[PDB]
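Visitor: One structure follows; several queries about it will come next.
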Amino acid sequence: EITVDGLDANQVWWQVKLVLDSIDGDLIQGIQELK
Amino acid sequence: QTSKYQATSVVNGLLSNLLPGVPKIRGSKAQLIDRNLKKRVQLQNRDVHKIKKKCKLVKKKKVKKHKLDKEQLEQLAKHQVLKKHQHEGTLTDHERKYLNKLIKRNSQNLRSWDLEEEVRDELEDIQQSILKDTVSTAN
Amino acid sequence: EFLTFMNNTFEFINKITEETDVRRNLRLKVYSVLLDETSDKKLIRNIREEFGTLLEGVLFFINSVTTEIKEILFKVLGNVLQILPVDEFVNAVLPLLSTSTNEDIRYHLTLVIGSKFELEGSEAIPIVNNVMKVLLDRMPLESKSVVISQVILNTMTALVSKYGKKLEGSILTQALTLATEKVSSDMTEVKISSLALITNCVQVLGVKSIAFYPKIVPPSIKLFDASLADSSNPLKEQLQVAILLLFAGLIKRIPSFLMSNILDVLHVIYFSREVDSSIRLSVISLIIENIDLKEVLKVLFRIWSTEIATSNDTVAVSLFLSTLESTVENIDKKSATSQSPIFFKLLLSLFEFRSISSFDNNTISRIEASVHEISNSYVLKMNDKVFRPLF
Amino acid sequence: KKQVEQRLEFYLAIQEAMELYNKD
RNA sequence: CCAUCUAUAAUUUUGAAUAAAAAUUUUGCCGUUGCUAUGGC
């Protein structure tokens with residue numbers, strides 16, 4: 001989960017970076033297969 | 001006073017895991033400033049990585065000795081349950097196989113002493129010829 | 001008379017229990033029953049039950065002891081402890097904890113449980129999980145006793161420290177939850193144990209501990225401020241190093257989350273009077289190598305104008321010099337050019353330090369000399385275009 | 001002979017915690 | 001190295017006093033023998 005409670009956005013932002021970066025790799029391969 | 005020792009020890013232990021080199025818990029101001037600045041460079045040069053390696057190895061040796069102690073002790077214990085089971089005919093499938101392996105193990109070993117067949121083929125020829133004369137017995 | 005017989009009486013229990021042949025050794029006999037499959041499980045339970053009584057009895061005597069008889073009991077106790085596996089020991093001792101009505105005996109039982117695991121490996125992962133659930137469950141019950149509370153907190157610290165990651169997550173997240181609550185405990189002993197766990201818990205959880213970030217850093221900064229005021233505490237030095245060492249732990253595990261509150265972190269390092277300089281200087285080396293330098297450079301200016309410039313503390317000033325100098329040789333050329341206006345703004349403040357400095361000439365002269373060499377480093381590693389306006 | 005003589009001469013943690021608890 | 005600046009030490013003010021504070025300026029080891037001197041390795 002991405003927590004937005006008692007955190008500044010720079011904390012909130014990066015925790016998006018980790019998930020988004022990791023999901024980018026799996027997202028890219030899925031796009032290639034569906035194409 | 002137990003709390004003092006316990007409080008020190010938890011702090012003492014945690015220091016090592018994160019800060020190995022730092023010592024443990026137990027005049028002109030210009031002098032003080034320079035000494036701290038000199039302290040900055042020398043600690044930067046400290047070979048902390050070597051310090052971690054020594055602590056790891058010392059602990060690694062201690063655990064390894066105990067694991068061997070457990071291993072040796074269990075192997076001894078594993079033998080008696082076989083002895084009592086064998087004497088009482090309480091052998092399971094497993095025991096009847098390990099002993100069967102021992103039957104194999106010893107039997108293969110004695111073959112090396114028993115010597116090969118081809119020499120027996122010639123040795124027996126030499127053997128019988130010695131015997132007939134010394135016993136004689138033709139008469 | 002009576003005591004001499006008791007001295008002789010415990011010589012027996014040592015002699016028989018002493019592990020001096022398969023058949024003589026008590027310890028070996030136990031294992032064969034456990035190893036033997038046809039052994040009745042009820043018989044195994046009796047071994048576990050009889051032992052909880054045996055272990056409790058020896059602890060009772062040791063608790064209620066006479067130096068020569070005290071040591072013999074430990075020989076008896078040591079022989080006792082090695083009789084049965086870690087596996088059956090935990091099963092036979094965990095349910096004695098709740099039953100035991102003496103704070104002393106419970107105090108003793110927690111200590112022995114740890115040392116069973118001080119030399120174990122991954123084979124105890126299922127067992128430790130049982131232990132952690134039990135120890136956590138006992139926490140509300142034993143909050144009244146500080147010593148029992150302190151030690152049990154210490155035990156999880158060793159066990160979270162050792163193969164804590166292999167432990168199932170809910171225990172880790174649960175354990176972090178209990179520690180944060182216990183940080184507010186009035187007893188300094190409960191605190192220092194609470195901080196130590198969170199270090200290990202945060203060390204293992206890492207980013208996953210972010211959910212607890214509001215419940216650790218902001219309180220910890222507040223605790224440090226209270227720490228300065230209450231200088232009479234005998235455990236002030238241990239309390240302070242825990243707070244610093246708490247930041248040090250997470251300065252390696254969550255640098256960028258701590259980036260925003262880095263200013264409070266540096267504030268703790270500067271004014272932590274009790275802690276040794278080496279510890280404070282050491283954790284500084286962690287900050288530079290782990291947290292982005294540009295944000296530090298922005299922060300160094302604010303802390304200097306606010307507190308350090310008026311602090312009149314030699315240690316704080318010296319360490320600030322160490323921090324600020326440390327950044328400049330390590331900061332990149334691109335970062336240096338971008339962050340130049342703040343540094344020069346700080347540099348002017350540093351130059352004006354002589355006006356407000358309450359120290360003697362010798363220190364200020366030395367301080368300026370440090371201020372000048374670093375400035376030479378910073379102006380180098382830049383281009384004309386950025387500097388010409390600044391000049 | 002004495003000159004020879006001089007030449008001849010020339011050539012547990014829990015237990016600690018348990019004990020510590022008994023003190024207090 | 002010299003000078004300068006600090007440090008250490010000494011006289012002085014408030015001060016029962018602590019305290020601050022201006023101010024100024026015989027052995028490596030082991031004994032014996034006094035309150036200083038010499039025996040052994």
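Numbering starts fresh at 1 for the residues of each chain in the structure tokens, the chains themselves are lettered A, B, ... in the order given, and ligands are numbered from 1 as they appear.
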What are the residues of chain B that have an atom within 9 Å of an atom of chain D, counting only C-alpha atoms, as a list in words?
Guide: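 For chain B, the answer reads residues 1, 2, 5 and 6 of chain B.
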Visitor: Filtering to N, CA, C and O atoms, could you give me those residues as a PDB file, in the first residue's frame?
Guide:
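Saved the output as result_22.pdb:
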ATOM      1  N   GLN B   1      20.850  -1.843  39.312  1.00  0.00           N
ATOM      2  CA  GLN B   1      22.205  -2.049  38.817  1.00  0.00           C
ATOM      3  C   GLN B   1      22.238  -3.146  37.756  1.00  0.00           C
ATOM      4  O   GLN B   1      23.117  -3.156  36.896  1.00  0.00           O
ATOM      5  N   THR B   2      21.275  -4.070  37.815  1.00  0.00           N
ATOM      6  CA  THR B   2      21.055  -4.959  36.678  1.00  0.00           C
ATOM      7  C   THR B   2      20.586  -4.170  35.465  1.00  0.00           C
ATOM      8  O   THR B   2      21.022  -4.426  34.338  1.00  0.00           O
ATOM      9  N   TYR B   5      23.530  -2.637  33.722  1.00  0.00           N
ATOM     10  CA  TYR B   5      24.259  -3.586  32.889  1.00  0.00           C
ATOM     11  C   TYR B   5      23.450  -3.965  31.657  1.00  0.00           C
ATOM     12  O   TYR B   5      23.977  -3.982  30.539  1.00  0.00           O
ATOM     13  N   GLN B   6      22.164  -4.270  31.843  1.00  0.00           N
ATOM     14  CA  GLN B   6      21.323  -4.619  30.704  1.00  0.00           C
ATOM     15  C   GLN B   6      21.229  -3.458  29.728  1.00  0.00           C
ATOM     16  O   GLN B   6      21.319  -3.650  28.511  1.00  0.00           O
TER      17      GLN B   6
END
Visitor: For a quick test of understanding: name the residues of chain B lying within 7 Å of chain C when counting only C-alpha atoms, and present them as a count of residues only.
Guide: 15
Visitor: Residues near segment 45-53 of chain B, anyone? I mean within 7 Å using only C-alpha atoms (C1' of nucleotides), not counting same-chain ones fewer than 3 positions away, as a ChimeraX atom specification.
Guide: /B:20-21,41-42,56-57
Visitor: Next, write the just-selected residues to a file, as a PDB file, in the first residue's frame, keeping C-alpha atoms as the atom set.
Guide:
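What landed in out_38.pdb:
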ATOM      1  CA  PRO B  20      32.191  -1.550  14.803  1.00  0.00           C
ATOM      2  CA  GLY B  21      35.188   0.764  15.068  1.00  0.00           C
ATOM      3  CA  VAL B  41      40.180  11.989   8.855  1.00  0.00           C
ATOM      4  CA  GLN B  42      41.579   9.108  10.909  1.00  0.00           C
ATOM      5  CA  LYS B  56      31.638 -12.683  11.784  1.00  0.00           C
ATOM      6  CA  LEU B  57      34.371 -15.331  11.727  1.00  0.00           C
TER       7      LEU B  57
END
Visitor: List as a PDB file with N, CA, C and O atoms, in the first residue's frame the protein and nucleic acid residues near segment 18-26 of chain A, meaning an atom at most 10 Å away when only C-alpha atoms (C1' of nucleotides) are counted, but skip any in the same chain fewer than 6 places from it.
Guide:
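What follows is the written file result_38.pdb:
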ATOM      1  N   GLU A   1       0.838  -1.189   0.000  1.00  0.00           N
ATOM      2  CA  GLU A   1       0.000   0.000   0.000  1.00  0.00           C
ATOM      3  C   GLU A   1       0.876   1.243   0.000  1.00  0.00           C
ATOM      4  O   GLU A   1       2.009   1.224   0.489  1.00  0.00           O
ATOM      5  N   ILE A   2       0.335   2.321  -0.556  1.00  0.00           N
ATOM      6  CA  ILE A   2       0.997   3.619  -0.570  1.00  0.00           C
ATOM      7  C   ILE A   2       0.349   4.471   0.516  1.00  0.00           C
ATOM      8  O   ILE A   2      -0.842   4.783   0.447  1.00  0.00           O
TER       9      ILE A   2
ATOM     10  N   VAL C 207      11.730  -0.232   3.783  1.00  0.00           N
ATOM     11  CA  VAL C 207      10.707   0.650   3.229  1.00  0.00           C
ATOM     12  C   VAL C 207       9.333   0.296   3.774  1.00  0.00           C
ATOM     13  O   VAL C 207       8.480   1.175   3.943  1.00  0.00           O
TER      14      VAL C 207
END
Visitor: Taking only C-alpha atoms into account, what are the residues of chain C at most 9 Å from chain A, put as a PyMOL selection string?
Guide: chain C and resi 207+210-211+213-215+256-260
Visitor: Quick one: pull the distance between atom CA of residue 287 of chain C and atom CA of residue 341 of chain C, Å, one decimal.
Guide: 22.3 Å
Visitor: Would you list which chain E residues are within 10 Å of chain B using only C-alpha atoms (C1' of nucleotides), as JSON, numbers by chain?
Guide: {"E": [6, 7, 8]}
Visitor: Just to confirm, what's the straight-line distance from atom CA of residue 80 of chain B to atom CA of residue 100 of chain B in Å (one decimal)?
Guide: 16.7 Å
Visitor: Going by DSSP on the backbone, which residues of chain D come out as helix (DSSP H, G or I)? List them as a ChimeraX atom specification.
Guide: /D:2-10,13-23
Visitor: For residue 22 of chain E, work out the shell of residues within 12 Å, counting only C-alpha atoms (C1' of nucleotides) and skipping chain neighbours fewer than 5 positions away, then give it as a VMD selection string.
Guide: chain E and resid 12 to 14
Visitor: To one decimal place, how far is atom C1' of residue 34 of chain E from atom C1' of residue 9 of chain E in Å?
Guide: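 It comes out at 28.2 Å.
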